[PDB]
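Chains as they are written, first to last, in PDB author numbering: chain A, 2 to 103, 113 to 142, 152 to 268; chain C, 3 to 103, 113 to 142, 152 to 268; chain B, 2 to 103, 113 to 142, 153 to 268; chain D, 2 to 103, 113 to 142, 152 to 268. Just so it is clear, CB atoms sit at the ideal spot from N, CA and C, and this is done for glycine as well. Beneath this line is the structure, given in structure tokens, with notes to follow.
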Amino acid sequence: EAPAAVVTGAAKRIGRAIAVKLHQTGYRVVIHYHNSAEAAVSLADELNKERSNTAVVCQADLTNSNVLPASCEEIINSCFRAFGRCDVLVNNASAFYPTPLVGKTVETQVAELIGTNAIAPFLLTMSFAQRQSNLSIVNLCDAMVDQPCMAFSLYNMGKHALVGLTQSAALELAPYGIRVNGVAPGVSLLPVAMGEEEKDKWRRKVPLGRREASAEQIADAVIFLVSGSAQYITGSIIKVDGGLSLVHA
Amino acid sequence: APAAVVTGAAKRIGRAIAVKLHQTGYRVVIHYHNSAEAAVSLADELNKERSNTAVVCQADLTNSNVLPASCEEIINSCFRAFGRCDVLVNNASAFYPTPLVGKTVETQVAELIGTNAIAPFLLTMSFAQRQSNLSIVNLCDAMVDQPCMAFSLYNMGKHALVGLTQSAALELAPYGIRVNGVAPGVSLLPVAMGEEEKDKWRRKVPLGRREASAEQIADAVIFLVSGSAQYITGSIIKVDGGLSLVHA
Amino acid sequence: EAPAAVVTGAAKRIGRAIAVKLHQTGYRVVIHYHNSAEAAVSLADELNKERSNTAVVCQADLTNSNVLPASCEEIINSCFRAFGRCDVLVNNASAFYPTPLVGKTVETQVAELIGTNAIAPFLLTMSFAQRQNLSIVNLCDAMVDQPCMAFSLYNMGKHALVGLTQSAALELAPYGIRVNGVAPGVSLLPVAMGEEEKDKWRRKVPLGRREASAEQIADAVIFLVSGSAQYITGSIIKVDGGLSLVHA
Amino acid sequence: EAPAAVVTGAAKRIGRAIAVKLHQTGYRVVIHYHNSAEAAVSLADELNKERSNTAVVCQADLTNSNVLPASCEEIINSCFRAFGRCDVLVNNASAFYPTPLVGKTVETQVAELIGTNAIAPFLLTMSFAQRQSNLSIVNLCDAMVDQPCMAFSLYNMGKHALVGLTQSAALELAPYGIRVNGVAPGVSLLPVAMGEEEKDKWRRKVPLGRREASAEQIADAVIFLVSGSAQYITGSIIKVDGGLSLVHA
Ligand SMILES: NC(=O)c1ccc[n+]([C@@H]2O[C@H](COP(=O)([O-])OP(=O)(O)OC[C@H]3O[C@@H](n4cnc5c(N)ncnc54)[C@H](OP(=O)(O)O)[C@@H]3O)[C@@H](O)[C@H]2O)c1
Ligand SMILES: NC(=O)c1ccc[n+]([C@@H]2O[C@H](COP(=O)([O-])OP(=O)(O)OC[C@H]3O[C@@H](n4cnc5c(N)ncnc54)[C@H](OP(=O)(O)O)[C@@H]3O)[C@@H](O)[C@H]2O)c1
Ligand SMILES: NC(=O)c1ccc[n+]([C@@H]2O[C@H](COP(=O)([O-])OP(=O)(O)OC[C@H]3O[C@@H](n4cnc5c(N)ncnc54)[C@H](OP(=O)(O)O)[C@@H]3O)[C@@H](O)[C@H]2O)c1
Ligand SMILES: NC(=O)c1ccc[n+]([C@@H]2O[C@H](COP(=O)([O-])OP(=O)(O)OC[C@H]3O[C@@H](n4cnc5c(N)ncnc54)[C@H](OP(=O)(O)O)[C@@H]3O)[C@@H](O)[C@H]2O)c1
Ligand SMILES: Nc1nc2ccccc2n1Cc1ccc(Cl)c(Cl)c1
Ligand SMILES: Nc1nc2ccccc2n1Cc1ccc(Cl)c(Cl)c1
Ligand SMILES: Nc1nc2ccccc2n1Cc1ccc(Cl)c(Cl)c1
Ligand SMILES: Nc1nc2ccccc2n1Cc1ccc(Cl)c(Cl)c1
Ligand SMILES: Nc1nc2ccccc2n1Cc1ccc(Cl)c(Cl)c1
């Protein structure tokens, strides 16, 4: 029987690449999405065309709220409902925007930025564990988490919190044989709204090839961590950044 | 005289920080949540030394719809009492386990992430907005990358606080506001902890096989806010007697 | 045409497993050794039985000395003489023994421990680059920041190796040479160590209460040299079953 | 009786400022130097004029060689010979120059860069401990050690090794009450001879004030670490870098 994976924020970009690569490796996949319904359904259709009944979509807002635990429990439930098992969880979904220190309320910003990047991964981890082979969790971290961008304090706090979860959960879930690791991009796919000139500004900072990571390159590290080739690895965060984090001012 | 806000200052480490700042010549806002009696008792002692140099301020620092207003009011209380706010010490902290496998989990999120991360963020915002030797000191955790079993939310909150310390150091540098951390390993043990368990944890510390006193933690805070640290920002000083260096 | 790799200290244990997995992946290999001639030759014979003319041995002391640069240049040269190319360098050879702060002279200990763990990797890196999916993998130490009592020189060597890995990643990126590390926690324990002592160390590992096999360490090396890691440079992957996360 | 301190490379720049501040705090000082004889003697004169018999010079090359242990032992011996005690050791002396990967031989570069930055501090630590209150050692580290500069691999390796020594010696010497800490500058006052354009280039990178640290600001952190206000601090490395290490590419 084929193993099954949940990938959050899987409709496009890095999340899609991860879902595709897992699917190509033989996983059945839950494609979680928030707003990108057309893209999610389009991906599920492609994957099911390749192998029937091996992909489903699952909609959920991962903003923090008093119902977030129920929503996270339901994402895990959706994997068991579809495939009867859940072997891998990839925490990929992420809100990302600036929150300067000097029309959303600050509390909405906290709920969205900390909810998606940290609290939802935490609750999904709880639900994944509670429900339980080669079991693992992979968290999409940030290679630049200790060289923060100006005006992004809440996002940065969320990604730092995610490092803490990765390490705490690796230790706490080790007795159950659930490995917990991270993949940390530096610069990969740039924002859709970013102009080419600005994209090039950021690309030129990367020592290895002066280019951003392809979505496939990020997915490659995820696939490694979930594989039997990483069976002794837990609590590790692999930078996939072309050396970007090593570059001084 | 300069003025400082210390959160969770009624007892233990926060109290020692408030006392040392006061002894150094600061006027102090003693923030508290439940420890009203102790907060006022401290204010009384400091005011006995120098009249009208200490005030108290009550606030719950749990995350909620009203937290930003609460944090704005803490900073405001310093300006009201003293006409200035030079130093913010984020010391208040909720601390208890949250296993992965009668508070709901979301209440625990609100308390643990609120006190340790969101409130420091909002207080930092309010401190900066209102603005010499200005600085913020965040009480971090030397053991943040060697987590205790079953403490994921607390750990996530302290990791978030590292992110805030570094982010705010960079963002507030143009305003001349330094942002640093002090990271205890083991200092004052929980009051509910048995003496036998206290000894177990004490014996792990290479330097002297004992916990830090509150005063020793306060000493590093005093250094960071002082003129002797005026080029230091974004630094987190471990005050842990080597604890973080000890392998399993 | 098949790529070629140099693996230092490849006769036994982790180096041997790396050389075997590289060969299984399709590499021709230079098996470097110091004292273990018989084991190096038996490995070469094994690999050559699998595929003719795909393995050679190279003897060298990697202790620091005035002849070390020539020795390291000769190791890289041996790969070119055998195979016409050198795609991968694995810095695995390592002296390991305590050097307390309080019959070898201390300068000999410096030469051996710092030579094998840091200076030889540096010189081999120079020679590798000078001759140029190219990459270098350095065998680091997941416990490098939780040092063992009385192992300061070894620890210094491995800390220097982190610096090399990062410096070389940046400096060699323009040539498309990636430079990464694999960091074991506890792997292959010495056969002669008492099982009662082995078990003491095993019990410390969260994941499985067991040391890593040499093959498990080798698996991370294989990933790092593969097409699946072509954007990864300057990264050090812990393969430690969570050991480095465990507090005192 | 006044305590005594050894400061290596104390004739100029940061080491000089450390020596001056220790002396002002009440320490008797061994001013070690290599080439800067006139400056070392002039400093000793300045300090002795303030308080007679409280400063001596000690010349030594700290390049690695088979006699380096003897030279390091002799530096510590010189403190006991002058002052009858040795309470503080500051490892400040350091060779610094590029060593590209692609007139000195490479083994000479290894000897100088690794010797001064790592092996001499190790040997001095050994001798300091062996010859033994508020005892401590302070190592001058590099705030940028994990964001290396192009072509400085040996300097970087030396400073990385120094981090290892700081942590290793903190644990190993804890039972003897000797604390071992670090101070990590980013950029400190640049040579007046460096070009105006290049000085501006490096100064402008510093978030806090867009300027380098003074030598005195670096010394201030050393003074704190050796003081009674740091009695529980061991194995800590305090960055004094104006935020430099936090700045991304
Ligand atoms: N791209 C990079 O250069 C880079 C760098 C460092 C780290 N990372 C990390 O790598 C991961 C993938 O990066 P990416 O650029 O592909 O991500 P992304 O496009 O910015 O976001 C991924 C998905 O997150 C989902 N999401 C946003 N808010 C949500 C909410 N409130 N509830 C539920 N889902 C929500 C969105 O789903 P819908 O579209 O369905 O609404 C979105 O498609 C992220 O965790 C990111 O932080 C990326
Ligand atoms: N003690 C250690 O060994 C150690 C180790 C590592 C880090 N630290 C950190 O160092 C700091 C001081 O430690 P400590 O042991 O003195 O702290 P603590 O006693 O655990 O907590 C300090 C104060 O935080 C306040 N607090 C708790 N929940 C709050 C809430 N919801 N809203 C507002 N305030 C709240 C409390 O104020 P009231 O009493 O007025 O209710 C409490 O007295 C903390 O940030 C801690 O995380 C301590
Ligand atoms: N095993 C672990 O749990 C562990 C943990 C952390 C890090 N590591 C690192 O991982 C790597 C592999 O570990 P391991 O246990 O397999 O290593 P190892 O057995 O200690 O050493 C591997 C080889 O290094 C060679 N070597 C020693 N001194 C040399 C010298 N002066 N000149 C040239 N070669 C010399 C020896 O070759 P000959 O036999 O031919 O003389 C030896 O077989 C090492 O770099 C080690 O430091 C291992
Ligand atoms: N300045 C910065 O921005 C910065 C940044 C990061 C780290 N650091 C570190 O902080 C410390 C102080 O910085 P600095 O700029 O004042 O240092 P520096 O001027 O580069 O070096 C200090 C002294 O080291 C001595 N030295 C050099 N080679 C020696 C050898 N072979 N044997 C014995 N002594 C030798 C020299 O003494 P003589 O003059 O007597 O020959 C020199 O004056 C150094 O360890 C440095 O690496 C400084
Ligand atoms: N990795 C990362 N974290 C970020 C947080 C806020 C804004 C951008 C962020 N990035 C992408 C990034 C950061 C720094 C640099 Cl120099 C580059 Cl080229 C890309
Ligand atoms: N510093 C610290 N962070 C903690 C998080 C959860 C529970 C306890 C925590 N401590 C105190 C602590 C942690 C590990 C050890 Cl070995 C010791 Cl003596 C004290
Ligand atoms: N990884 C590692 N580095 C060491 C340096 C000196 C002696 C042993 C070393 N090890 C193996 C090790 C270190 C700490 C622990 Cl708790 C375990 Cl189980 C294994
Ligand atoms: N020793 C030395 N040579 C220098 C040349 C140009 C600028 C500064 C010089 N220094 C002092 C020094 C030594 C090490 C570092 Cl890392 C730094 Cl920023 C400065
Ligand atoms: N701190 C430091 N380490 C260095 C090593 C080699 C050359 C210069 C070094 N510096 C000074 C430095 C490094 C990076 C930046 Cl962006 C700056 Cl303004 C200064």
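Original post:
Could you give the distance in angstroms between the alpha-carbon of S95(B) and the alpha-carbon of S66(B)?
Top reply: As a working mapping, residue 95(B) is identified with position 94 in the third sequence. As a working mapping, residue 66(B) is identified with position 65 in the third sequence. Whole-angstrom Cα-Cα distance: 16 angstroms.
**OP:** Assign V103(C) to buried or exposed, taking buried as 16 or more other Cβ atoms, counted over all protein chains shown, within 10 Å of its Cβ.
**Re:** Working through the second sequence from its first residue, we reach residue 103(C) at position 101. Under this definition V103(C) is an exposed residue.
Subject >> Which of helix, strand or coil DSSP assigns to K258(B) >> reply: In the third sequence, counting from the first residue as 1, residue 258(B) sits at position 238. If DSSP states are grouped into helix, strand and coil, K258(B) belongs with the strands.
Subject >> Reduced DSSP category for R29(C) - H, G, I as helix; E, B as strand; rest coil >> reply: Here residue 29(C) corresponds to residue number 27 of the second sequence, with the count starting at 1. It is a strand residue.
**OP:** Would you give the residue range spanned by the alpha helix (DSSP H) that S187(B) belongs to?
**Re:** Reading the third sequence from its first residue, position 167 is the one you call residue 187(B). 172-192 is the extent of the alpha helix (DSSP H) around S187(B).
Original post:
The alpha helix (DSSP H) with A38(D) in it runs from where to where?
Top reply: Within the fourth sequence, numbered from 1, the residue matching residue 38(D) stands at position 37. Element bounds for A38(D): 38-51.
Original post:
So is the beta-carbon of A56(C) under 7 angstroms away from any non-hydrogen atom of ligand 2?
Top reply: For the purposes of this step, residue 56(C) is taken as the residue at position 54 of the second sequence. No; taking the cut-off as 7 angstroms, the Cβ of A56(C) has no heavy atom of ligand 2 nearer than that.
**OP:** Measure from the C-beta of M163(A) to each C-beta in chain D and report whether the shortest distance is under 8 angstroms.
**Re:** If you number the first sequence from 1, residue 163(A) lands on position 144. Taking Cβ atoms only, chain D reaches closer than 8 angstroms to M163(A), which makes this a yes.
**OP:** Rounded to whole angstroms, what's the CA-CA distance from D62(A) to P70(A)? Just pull it up for me.
**Re:** In the first sequence, residue 62(A) corresponds to position 61, counting from 1. In the first sequence, residue 70(A) corresponds to position 69, counting from 1. For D62(A) and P70(A), the distance between alpha carbons rounds to 11 angstroms.
Original post:
Along chain B, in chain order, which residues have C-beta atoms closer than 7 angstroms to that of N67(D)?
Top reply: Along the fourth sequence, one-based indexing puts residue 67(D) at 66. Those are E117, listed as they occur along chain B.
Original post:
Since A56(D) sits in a beta bridge, which residues does DSSP pair it with?
Top reply: Stepping through the fourth sequence from its first residue, residue 56(D) is reached at position 55. According to DSSP, which records beta bridges pairwise, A56(D) is partnered with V30(D).
Original post:
Closer than 6 angstroms from C-beta to any heavy atom of ligand 8: which residues, in chain order?
Top reply: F97(D), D161(D), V206(D), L209(D), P210(D), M213(D)
**OP:** Can you pull the chain D residues whose beta carbon is under 8 angstroms from the beta carbon of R198(C), in chain order?
**Re:** Here residue 198(C) corresponds to residue number 178 of the second sequence, with the count starting at 1. Neighbours of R198(C) on chain D, chain order: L227.
Subject >> Runs of alpha helix (DSSP H) wholly within the stretch 68-94 of chain A (minimum 4 residues, chain order) >> reply: 69-84
Original post:
Cα separation between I156(A) and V89(A)?
Top reply: Within the first sequence, numbered from 1, the residue matching residue 156(A) stands at position 137. Within the first sequence, numbered from 1, the residue matching residue 89(A) stands at position 88. If I take the Cα positions, the gap works out to 6 angstroms.
**OP:** Output, in sequence order along the chain, the residues in the stretch 7-29 of chain D whose CB is closer than 9 angstroms to any CB in chain A.
**Re:** none
Subject >> beta-carbon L154(C) near ligand 3 non-hydrogen atom, thresh 7 angstroms >> reply: For this step, residue 154(C) is matched to residue 134 along the second sequence. The answer is no for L154(C).
Subject >> Per-residue DSSP class, three states only, for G201(D) >> reply: Counted from its first residue, the fourth sequence places residue 201(D) at position 182. If DSSP states are grouped into helix, strand and coil, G201(D) belongs with the strands.
Original post:
From what residue to what residue does the beta strand (DSSP E) around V157(C) run?
Top reply: Counting from 1 along the second sequence, the entry for residue 157(C) is found at position 137. Looking at the DSSP string, the run of the beta strand (DSSP E) that includes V157(C) is 155-159.
**OP:** Using a Cβ-Cβ cut-off of less than 8 angstroms, give me the residues of the stretch 161-194 of chain C that come near chain B, in sequence order.
**Re:** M163, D165, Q166, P167, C168
Original post:
Near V116(D), what residues of its chain come up, given a Cβ to Cβ distance below 8 angstroms and the 5 sequence neighbours on each side ignored?
Top reply: Reading the fourth sequence from its first residue, position 106 is the one you call residue 116(D). For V116(D), where only same-chain residues beyond five positions count, the Cβ hits under 8 angstroms are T100.
Original post:
Under the rule that 16 or more other beta-carbon atoms within 10 Å means buried, what is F81(A), buried or exposed?
Top reply: On the first sequence, residue 81(A) is found 80 positions in, with the first residue counted as 1. Label assigned to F81(A): exposed.
Original post:
Looking at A18(C) and ligand 6, is the gap between the Cβ and the nearest heavy atom below 7 angstroms?
Top reply: Sequence index remark: in the second sequence, residue 18(C) carries index 16 (1-based). Result no, Cβ not under 7 angstroms from ligand 6.
Original post:
In chain B, which residues lie with their C-beta within 8 angstroms of the C-beta of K218(C)?
Top reply: Start at 1 with the first residue of the second sequence, and residue 218(C) comes out as number 198. Those within 8 angstroms of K218(C) in chain B number zero; the least Cβ separation is about 15 angstroms.
Original post:
With a CB to CB cut of under 6 angstroms and the five nearest residues on each side skipped, what residues in its chain are close to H24(C)?
Top reply: Against the second sequence, residue 24(C) aligns to sequence position 22. So the qualifying residues of the chain are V30, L48.
Subject >> CA-to-CA distance, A232(D) to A203(D), given in whole angstroms >> reply: Position 184 of the fourth sequence, counted from the start, is the residue given in the question as residue 203(D). Position 213 of the fourth sequence, counted from the start, is the residue given in the question as residue 232(D). Cα-Cα distance, rounded: 11 angstroms.
Original post:
Quick one: what does DSSP say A12(A) is sitting in, helix, strand or coil?
Top reply: For this step, residue 12(A) is matched to residue 11 along the first sequence. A12(A) falls in the coil class under three-state DSSP.
**OP:** Could you have a look at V103(B) and say whether DSSP puts it in helix, strand or coil?
**Re:** As a first step, residue 103(B) is located in the third sequence; it is residue number 102 there, counting from the start. Note: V103(B) maps to coil in three-state DSSP.
**OP:** Would you tell me roughly how many angstroms separate the C-alpha atoms of residue 111(A) and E191(C), rounded to the nearest one?
**Re:** Coordinates for residue 111(A) are absent; the numbering of chain A skips from 103 straight to 113.
**OP:** Kindly list, in the order they appear in chain C, the residues whose Cβ is closer than 7 angstroms to that of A232(D).
**Re:** Numbered from 1 along the fourth sequence, position 213 holds the residue referred to as residue 232(D). Those within 7 angstroms of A232(D) in chain C are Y251.
Original post:
Tell me which same chain residues have a C-beta within less than 8 angstroms of the C-beta of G196(A), skipping the five on either side of it?
Top reply: Indexing the first sequence from 1 puts residue 196(A) at position 177. Cβ within range, chain order: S152, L154.
**OP:** Could you work out which residue in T26(A), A41(A), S187(A) is closest to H33(A) when comparing CA atoms only?
**Re:** Against the first sequence, residue 33(A) aligns to sequence position 32. Closest by alpha carbon: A41(A).
Original post:
Mapping DSSP to helix, strand and coil, what is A238(C)?
Top reply: Counted from its first residue, the second sequence places residue 238(C) at position 218. DSSP places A238(C) in helix when its eight states are reduced to three.
Original post:
So, is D46(C) buried or exposed, given that buried needs 16 or more other C-beta atoms within 10 angstroms?
Top reply: To locate residue 46(C), count along the second sequence from 1; it is residue 44. Its Cβ having fewer than 16 others within 10 Å, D46(C) is exposed.
Subject >> Beta carbon of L173(B) nearer than 8 angstroms to that of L123(B) >> reply: Translated into the one-based positions of the third sequence, residue 173(B) becomes position 153. Translated into the one-based positions of the third sequence, residue 123(B) becomes position 113. In contact: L173(B) and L123(B) (Cβ atoms closer than 8 angstroms).
Subject >> Span of the alpha helix (DSSP H), counted from its first residue to its last, around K114(A) >> reply: The sequence position of residue 114(A) within the first sequence is 104, counting from 1. First-last for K114(A): undefined, no H or E at that position.
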